């Protein structure tokens, strides 16, 4: 339905949020606002990190959602303060806790997917 973006970050909407994330072994959602300043700093810190992961292996794709238009989704994740990142595993949200820097974010997402020998 929605396909026409030249980048690494994916735009998930309340219409294709549970349909795309569920089809993503491991994806990270970052709720941002087109009016939130702090975000203006994360924008590049997020879009960039996506390039590092996308090239990494296993490649961990990232997605950016607008809590302003997708409020329905935000409330679902008790999003009351952006930026707000959260990991999703086959439809399993997990409070993202770690560095909010291009590098950090990447390094973290990695250890999450399975830093070492994990099960399940």
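Residue 1 is the first one shown; counting continues down the chain.
Using N, Cα and C of the backbone, Cβ positions are placed for all residues, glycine too.
Quick look at what the PDB entry annotates:
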SEQADV    1-7  cloning artifact
SEQADV    115-120  cloning artifact
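Listed in Swiss-Prot:
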DISULFID  36-39  disulfide bond
Residue counts in helix (H, G, I), strand (E, B) and coil for the cloning artifact (115-120), per DSSP? 0 helix, 0 strand, 6 coil
Which residues of the same chain, at least 6 past either end of the cloning artifact (1-7), have a Cβ under 8 Å from a Cβ in it? 13, 15-16, 47, 50
